[PDB]
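Encoded as structure tokens, the following chain is the form deposited in one PDB entry, with no partner shown.
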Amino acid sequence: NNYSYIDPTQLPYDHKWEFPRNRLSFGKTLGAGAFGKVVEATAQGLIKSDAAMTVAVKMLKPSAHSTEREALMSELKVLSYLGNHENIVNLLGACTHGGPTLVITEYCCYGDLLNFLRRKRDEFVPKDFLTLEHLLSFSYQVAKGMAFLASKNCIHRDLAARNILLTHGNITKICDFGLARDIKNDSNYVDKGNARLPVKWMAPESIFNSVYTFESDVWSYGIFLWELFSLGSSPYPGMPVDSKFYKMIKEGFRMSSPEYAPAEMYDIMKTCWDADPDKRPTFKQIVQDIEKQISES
């Protein structure tokens, strides 16, 4: 074939990103798991020659298999291809010469939104009080970031309040692109792996058939909205993940409206959870909907 879709993970690493690893000073661990960790760090001279800035640095454990090493490089290449957006945790640099690959991203000083909502829950106002206006703004910003990803033919596959971070100026940023994929060629992705999965955030077709699409990211956005307007409650309260859970989801059980969700935001949630993926809204449509809500506020 003389025309093809360019696979961003096949492109060369662009050395414009390269930063000297001796100019990083690691601080505390921000997240940790089986394969590696993300740490806070000081980067000396990263943007301005004479200034230090705080960054986040993603790194694998020395024992990481080659499956994990290439996945980290692939994530670096996807972030390089996507480009910059206000509502994602942006790539700032990488250390790839010789030693372990380090991926340097923006640091979000307020941490993840799930923990933020839970801390602010008891003083929420339906001073520095969380308000409904904050929640509408966060819903809008995450929709904008996801619309951006979809516009680049990318899916995230783990959208959840725990993977939205908060930084200065009430700006929310989507983080953790380890499972993000460009799906330009086939319009879906079939997960063949065997890791633990975020079942309560997954579309039914992802649970039952391992298929991930633009539309399954939209399902997870609906679950995120329920977390958001519930001020950080866990989804499907009182329902463990077991045979009954899957049966109920398949038969059409859905969560009810959070107490603080405006009717038009619960309306979005319900459409995000349509059993038919074709009936779910796109992120582009969601952005326009929330825009209209904010302007009428």
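Heads up: residue numbers just count along the shown sequence, starting at 1. Rigid core (definition): largest C-alpha set, two forms, superposition within 1.5 Å.
Just so it is clear, the following notes concern the form deposited in another entry, a form of the same protein that is not shown.
- Core-based superposition between the shown form and the other one shows that, of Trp226, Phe214, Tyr189, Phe138, only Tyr189 has its Cα displaced by 2 Å or more.
- Fitting the two forms on the rigid core leaves the C-alpha of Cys108 displaced by under 2 angstroms between the shown form and the other one.
- Fitting the two forms on the rigid core leaves the C-alpha of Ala180 displaced by at least 2 angstroms between the shown form and the other one.
- Here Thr9 counts as shifted, since its C-alpha moves by at least 2 Å between the shown form and the other one after the core is aligned.
- Compared with the form shown, the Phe177-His85 C-alpha separation increases in the other entry, the change being 3 Å or greater.
- Relative to this conformation, a decrease of 3 Å or more in the Cα-Cα distance between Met239 and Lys192 is found in the other entry.
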